[PDB]
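Asks: fold the following and give me the result.
(10 chains)
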Amino acid sequence: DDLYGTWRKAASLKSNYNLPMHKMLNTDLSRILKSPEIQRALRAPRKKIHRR
Amino acid sequence: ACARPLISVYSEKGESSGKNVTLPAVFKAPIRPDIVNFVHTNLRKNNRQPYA
Amino acid sequence: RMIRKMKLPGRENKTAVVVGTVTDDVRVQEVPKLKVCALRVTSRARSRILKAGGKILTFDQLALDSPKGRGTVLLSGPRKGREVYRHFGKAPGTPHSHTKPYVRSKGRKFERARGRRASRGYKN
Amino acid sequence: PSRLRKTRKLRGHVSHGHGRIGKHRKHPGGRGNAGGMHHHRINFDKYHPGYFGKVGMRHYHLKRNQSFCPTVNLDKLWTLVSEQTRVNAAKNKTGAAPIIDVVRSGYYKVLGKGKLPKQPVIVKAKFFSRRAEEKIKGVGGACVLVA
Amino acid sequence: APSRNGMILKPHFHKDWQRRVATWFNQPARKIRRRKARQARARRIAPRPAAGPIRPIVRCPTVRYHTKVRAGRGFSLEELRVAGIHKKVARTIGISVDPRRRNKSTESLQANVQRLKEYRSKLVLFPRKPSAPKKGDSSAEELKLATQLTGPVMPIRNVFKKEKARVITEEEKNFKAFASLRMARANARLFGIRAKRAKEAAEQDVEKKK
RNA sequence: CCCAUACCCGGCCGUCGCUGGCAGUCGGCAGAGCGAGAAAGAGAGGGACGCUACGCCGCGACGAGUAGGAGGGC
RNA sequence: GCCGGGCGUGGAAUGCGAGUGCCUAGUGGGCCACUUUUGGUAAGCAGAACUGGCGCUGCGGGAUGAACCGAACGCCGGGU
RNA sequence: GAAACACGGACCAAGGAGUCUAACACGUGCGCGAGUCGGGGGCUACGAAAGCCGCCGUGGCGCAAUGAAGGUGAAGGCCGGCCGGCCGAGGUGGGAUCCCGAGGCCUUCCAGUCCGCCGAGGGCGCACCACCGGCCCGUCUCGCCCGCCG
RNA sequence: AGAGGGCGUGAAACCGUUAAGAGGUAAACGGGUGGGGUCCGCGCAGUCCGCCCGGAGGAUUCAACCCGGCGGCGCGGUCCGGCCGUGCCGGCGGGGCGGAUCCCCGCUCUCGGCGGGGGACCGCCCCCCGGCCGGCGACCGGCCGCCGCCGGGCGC
RNA sequence: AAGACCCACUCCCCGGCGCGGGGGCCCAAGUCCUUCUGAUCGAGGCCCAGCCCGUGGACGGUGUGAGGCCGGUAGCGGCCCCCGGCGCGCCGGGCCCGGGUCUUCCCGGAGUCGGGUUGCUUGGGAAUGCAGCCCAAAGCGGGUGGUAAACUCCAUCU
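Replies: Numbers count the residues shown, from 1 in each chain, chains lettered A, B, ... in the order given. For reference, the structure is listed below:
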């Protein structure tokens, strides 16, 4: 915590370094795609297969 | 990372002592293999001897 | 730029969504509170937004808060603002073709002669 | 990476990506920037207008330090001082205006490129423009010279 | 053979350059040679500092840099003369000297005689023969705290004057800084020809009066 | 009446397109649908396979090639 | 030249998703034919216009064939 | 235009030809972002590596152009009487997306709300494009004014 | 010695021989079958997989219970308590750092000017607290319950 | 520099003598049990010390493939010479020295600079440098101050 520091406490033993930021907080999209917020805004899966 | 868990220090014989160290925030940094594979295959070229 | 586009009338409740990155502009003083969703926010632009009581979102949190994109304003930075496009278009040395040529250094003796002066041959 | 280059995909193809009719000879058009007034005339008129000729006065012993004058716009003028300074003036009620020493930051000339927050300053610069002086006066500040 | 829109390049390779290519594989080994003789230098003169004699405070020439301060070659002979130091017992106690320097302003000359003052006090002079200390020597119990000084001795800090906010007077408000510069630019240019036209401005009267 | 590598029909390969479809494997905290010509609501007061998502699957159309260009090479 | 307001039966047929910007290789010896055509006695000659070919292209036909007639090519079965 | 009465070629093995450096341009990936970069120098077997130093960013490029040069150097309106306040960072058309909603979406029937959905119409309008303005530098014409230590 | 003194491995061109086949439009090749060899298929009586029925067996034997152990989930509609916060907030706070916010030692001509050290302030971080917020599904335990699995008794 | 008046110590240098670098030599631990092979350094095992060493698991040798067979490796390990170095004391010498103040004196490098001209050279452009020939100095002078020239101020070096 002194060579790289937390996100809100810059590293003490570096000049002005701080940890990189995350491009997406909630990483596991499995826990995302099965959420009531998403699952209410989706059209029904058209999975009946249509062959020639 | 809504919380940082608590890591336990182990003694010299394998038991877990009473102390507990907070997980440093560096272990929660983003996992970027593309950067690691970039930096590794460009710093391995600096120990290289010349030949001609 | 996004302050300029969010002070438009039928807005100021919607959320700012930009796929690029939000850099801090040092030439603006007051900062309204913002609800921003970008791929990456520069370190100073976080501290200046959050100090104004704003809110910074990422795209996984955008889908959780608004799946269909309801109540968001999708923006984009200046696409042809790069230095490169000032060399594009019609070639220089052409009538009314205000195009930057490629010169190794600028000075009084780098492309200030024959093609440019009416006293030296001609000009366009 | 020689394994990513094009020549790996040209193995087997006879001319190696340079044509059979117009073979890859040594120097078809001449070496360097040749033929400026000659067979390469069109390229120099269409893409480097002004390349040929002299204009101006030949200054012999140019010492770049004499003509050194890095400008600063009024847009980023308050960035030369801390945010504590900028807030403590709009909070101050005695009309006490902070002094911005431009030369200390590294610039010499002040040019007025944009708006200013309405609170007075006393900019200790070395050169000013006309419009730059107007903005600082109109806000209510002063323009002091220094050498 | 130029292509389409590109840049007119002049590489300086028409000479035979491939005989004088200085490669830099010395560089990692060069640094070690430098460092291992920089430490061995300090080992030789162990109580004396590592950087060596102190340098004077020196402005810069060339009005691009003249707001900056460096460490010059040596103290001028006037600076040593005011400070009460003989210019030959000066280099012996680690005070760098060069007589080539002059002092065009006392504002700088006073600034270095203060520097020689503090160094003359912060110095711990060992006795030549320990069994017989002289007058110039230091207190015997001060010799035990003789540790070698690393880094540039008395490093120069380019500090500015922390001034405070004022309330603008009516005069600073009503000063035309731009117009006064354009005025000053004009006088220093026409000062010569105004004198000549004023020279014979008295010659076109003295032929008139007689 | 004879037959081309042309046309029709059928198979298989590949490319291209639909910027096609699939996270819904939602199971005694269960109830098996979204092929439906018609802008929008099956709304509340014990059970095979699969989905190396850079994966899998379905439709159409298309396929000559030097110089040259690009892509993929388990 | 500005505002402001009002009028869609989208004002011929047919077909088809378009617009747009970079970077750019090769090429810059061509040749043949219906028709038009200049020089020439004429030429598988020299020189042009328009379109298509050959070059870069196999296939069926003209016995043979760079260009003619048909028809343009993934690998196969049936039919024509 | 080659099967050519065009040239190279008896046969076999192994060798055998777009590379490296510098510069530039564009495309692309990554980091940081009005900044960015230690490349040079320092600092504490593999390691000649790695780490670190911003009071090592000197410096490079970028953030401002223009003129041969001296040089100059990038919005305005509106009210009150050259001065005092106020509104104060262009407009037009086309614009992905978003926003409001005229209405309208079944259990023996009727009333019927919350939520969701649909939609004529009407909006703020990203990027970018076309055009009209505006500002800075050079230069020209017309002029009419203001400022001050000499 | 299938390593025999330029001797590890021992390719191709080329040659000798043996075995097989062929042989007047030079040979070689493409496509299509045919014949003949070559070896291989360890080919030669050709499928297993569930499920239920029928007939002969053999086990320590099922279900449901009893005790021990482990696990899962908990909307326990709102269990207690921890720890953590890229949650804020409340501080007669104790702090170490940042800032271009504002008495004294030192100092060159006792007062004016000046450099160094404190102090006030701001902002940050963390700590000693107090209380809410939230998670523990990037991080937990003791209970309580439902279920499951295993072990052991019975059951026979 | 000398003179006078003060202030301040008088000990440094030569010639003789004694109390890490190079070379040589050494330093841990299995040829343990079965088992493969022409030969093992292979395969397996060595419990409750899951053999033994390890500051030594670099490498090489050894009848395939070795931390424990051998040389080595590790060690701020030992031992033995050798050269340098470090001060000290002795004997012989050399050596009397500085600083400030005041006065009174003194002080500079020539066939060179510089000028012309020719030729080479340079980014050096009405000549940057160098050289030949001709000219040929001055002393509040001389050189430079990136445009030839005069005048006049500064600056800067000798």
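Asks: which parts of chain C sit against chain D?
Replies: Proximity of chain C to chain D is confined to C:26-27, C:29, C:91-94, C:101-102, C:108-109, C:111-117, C:120-121, C:124 under the rule C-beta under 8 Å from any C-beta of the partner chain. C-betas here are computed from N, CA, C, even on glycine.
Asks: buried subset of those residues as a ChimeraX selection?
Replies: Remark: buried members of these, expressed as a ChimeraX selection using 16 or more other C-beta atoms under 10 Å in any protein chain shown:
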select /C:91,92,93,94,101,111,112,113,114,115,116,120
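Asks: would you pull up the residue in chain B closest to RNA strand F?
Replies: Distance from RNA strand F to each residue of chain B (C-beta to the nearest atom of the strand) is smallest for residue B:34, at 9.0 Å.
Asks: whichever strand or helix holds that residue close to RNA strand H?
Replies: If you go by DSSP states H and E, residue B:34 is part of helix B:33-43. Yes - against RNA strand H, helix B:33-43 shows contacts by C-beta under 7 Å from any atom of the strand at B:34, B:35, B:38, B:43.
Asks: and the gap between the residue in chain C that RNA strand J sits nearest to and residue D:69?
Replies: The nearest approach of chain C to RNA strand J comes at residue C:109, 13.0 Å away (C-beta to the nearest atom of the strand). Using C-beta to C-beta, to the nearest Å, residue C:109 is found at 22 Å from residue D:69.
Asks: again with residue D:11
Replies: Distance, residue D:11 to residue D:69, by C-beta to C-beta: 59 Å.
Asks: next one: residue E:189
Replies: Noted for residue E:189: a distance of 18 Å to residue D:69, by C-beta to C-beta.
Asks: then residue B:37?
Replies: 48 Å.
Asks: count of neighbours near the one residue in chain A that gets nearest to RNA strand G?
Replies: Nearest residue of chain A to RNA strand G: residue A:52, at 16.0 Å (C-beta to the nearest atom of the strand). When neighbours are defined as other C-beta atoms under 10 Å in any protein chain shown, residue A:52 has 2 of them.
Asks: also residue B:42?
Replies: Using other C-beta under 10 Å, residue B:42 is surrounded by 9 other residues.
Asks: also residue E:102?
Replies: If you count neighbours by other C-beta under 10 Å, residue E:102 ends up with 9.
Asks: repeat that for residue E:203.
Replies: Counted with other C-beta under 10 Å, the neighbours of residue E:203 add up to 9.
Asks: over to residue D:41?
Replies: Neighbours around residue D:41, by other C-beta under 10 Å: 11.
Asks: show me what contacts it?
Replies: residue D:35 (C-beta atoms under 8 Å, 6 or more residues apart in numbering or on different chains).
Asks: over to residue C:122?
Replies: Residues in contact with residue C:122 (C-beta under 8 Å, 6+ apart) are C:114, C:115.
Asks: now it: how far from RNA strand G?
Replies: Here residue C:122 is placed at a distance of 24 Å from RNA strand G (C-beta to the nearest atom of the strand, to the nearest Å).
Asks: any idea which element that residue lies in?
Replies: Using DSSP H and E, no element contains residue C:122; it sits outside every helix and strand.
Asks: alpha carbons of the lengthiest strand in chain B, as CSV, please.
Replies: When chain B is parsed with DSSP state E, its longest strand is strand B:16-22. Extracted in CSV, the C-alpha atoms of strand B:16-22 (Å, rounded to 0.1, in the frame of the first residue of the first chain):
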residue,chain,number,x,y,z
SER,B,16,-2.2,-19.4,11.2
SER,B,17,-1.3,-16.9,13.8
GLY,B,18,-3.7,-14.4,15.4
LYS,B,19,-2.6,-11.5,13.1
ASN,B,20,-4.6,-10.5,10.1
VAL,B,21,-3.4,-8.1,7.3
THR,B,22,-5.8,-6.2,5.1
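Asks: so what does that strand touch, helix or strand wise?
Replies: Applying 3 or more C-beta pairs under 8 Å, 6 or more residues apart in numbering or on different chains; DSSP states H and E, one finds that strand B:16-22 contacts strand B:6-10.
Asks: export the residues of helix B:33-43 next to RNA strand H to a markdown table and append columns for neighbour count.
Replies: Output for those, formatted as a markdown table (neighbours: other C-beta atoms under 10 Å in any protein chain shown):
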| residue | neighbour count |
| --- | --- |
| B:34 | 7 |
| B:35 | 11 |
| B:38 | 11 |
| B:43 | 9 |
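Asks: pick the one among the residues you listed closest to residue E:121.
Replies: For these, the residue nearest residue E:121 by C-beta to C-beta is residue B:43; the value is 50.1 Å.
Asks: from residue D:12, how far out is the closest one?
Replies: Remark: distance between residue B:43 and residue D:12 (C-beta to C-beta) = 37 Å.
Asks: before we move on, what about residue E:83?
Replies: Residue E:83 is 84 Å from residue D:12, by C-beta to C-beta.
Asks: more neighbours: which of these two?
Replies: Using other C-beta under 10 Å as the criterion, residue E:83 and residue D:12 rank with residue E:83 on top: 18 against 6.
Asks: quick check: phi and psi at the more buried one.
Replies: Dihedral angles of residue E:83 (phi, psi; degrees, to the nearest 10) stand at phi -70, psi -10.
Asks: distance of it relative to residue E:90?
Replies: Using C-beta to C-beta, residue E:83 is found at 9 Å from residue E:90.
Asks: mind listing what residue E:90 touches?
Replies: Neighbour list for residue E:90: E:75, E:80, E:97 [criterion: C-beta under 8 Å, 6+ apart].
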